[PDB]
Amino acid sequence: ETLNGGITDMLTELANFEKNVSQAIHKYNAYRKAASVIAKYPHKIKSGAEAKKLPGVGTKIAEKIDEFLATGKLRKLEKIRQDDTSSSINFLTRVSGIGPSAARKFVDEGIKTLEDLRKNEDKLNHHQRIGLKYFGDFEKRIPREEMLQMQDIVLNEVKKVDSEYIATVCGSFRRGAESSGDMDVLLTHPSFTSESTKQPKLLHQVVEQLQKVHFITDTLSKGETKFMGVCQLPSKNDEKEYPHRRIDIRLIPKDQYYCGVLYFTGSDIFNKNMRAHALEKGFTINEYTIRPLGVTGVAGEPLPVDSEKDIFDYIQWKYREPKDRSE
């Protein structure tokens, strides 16, 4: 549906193969960087040489593009799709909690299908049992309309705990996406700063409240600053119950909000791009701060930030609306 969708689809499938089967994370990132830069290219690619002009597209990817443009397919991908071990590992990783290591371990023991997981559920940990339970739901997209209803529940229940919590839905939702893969929530409270003593139960109070009104249905991981779990909109009068959804909550110091919003909003590739430019400009950006870089390349103190645009200003970038960060 995009200018170079056939090429970027091929590159994404090759990326997932290198992550799930080969366990070569830098190849996975290399394919993703190539797909992202091609996705931003304003012309329809006619040759591998044309794509090779783009940063991140090298000899082999340009060669794969020429084959795909000539034959409409890739022999390398067709061999992968046919390899029983490769496609089995590739499938098992679609279960949340089953990564490349567990997928390879299961497949070696003849555990390679969904029904194999159900039959061998005793060998799954709690996370994997949940990922298997909601396997279909977790692959459904969340229409933005439903994200607004979820945002209403989250922000309202959070206010019910304490008036001074601030909850901001980030991720693809804040980037204006018509559909989202999950709900990502950033949480702050005046009592938690970078200079304050650990106030526990700050995130626990919010998670407990969302559980009490039956919004959060299951927990995958839960600590003092990060919650990973499952949520579900309420359904009306025995009508079609909603699909269960993944939700992430991150509690960050209030004085590092805007660096947190910038990171949590994404995209992941955009963050990689922005942080790469920051180093070319004498700064280093992470999830919490932007710091200067000295003559020796050492990181200074966190710089003052009171807006997302403040971070763009430091590295001398034109401000990008969250809508234009989906890279």
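The first residue of the sequence shown is number 1, and the count goes up from there. So that the term is clear: the rigid core is the largest set of C-alpha atoms that superpose within 1.5 Å between two forms.
- Choosing between 229-237 and 212-220, the greater Cα displacement from the shown form in 7 other deposited structures of this protein, fitted by the core, goes with 229-237.
- Relative to the shown model and aligned on the rigid core, the C-alphas in 7 other deposited structures of this protein deviate most, among 52-60 and 269-277, for 269-277.
- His204, modelled here, also has coordinates in every other compared entry of this protein that models residues flanking it, well short of the third needed to call it frequently missing.
- Averaged over Cα atoms, the B-factor as recorded in the entry is higher for 69-77 than for the other of 183-191 and 69-77.
- Stretches 232-240 and 94-102 differ in mean CA B factor, with 232-240 having the higher one.
- Taking the PDB entry at face value, the top CA B factor among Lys53, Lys27, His277, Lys60 belongs to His277.
- The maximum CA B-factor among the listed residues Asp218, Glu157, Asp122, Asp137, taken from the PDB record, is found at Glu157.
- Residue-level temperature factors show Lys19 in the lowest third of its chain, judged at the C-alpha atom.
- When the CA B factors of the chain's modelled residues are split into thirds, the value for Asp310 lands in the lowest one.
- When the CA B factors of the chain's modelled residues are split into thirds, the value for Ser172 lands in the lowest one.
- Sorting the modelled residues of the chain by their CA temperature factor places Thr8 in the lowest third.
- The deposited CA B-factor of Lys226 belongs to the lowest third of values across its chain.
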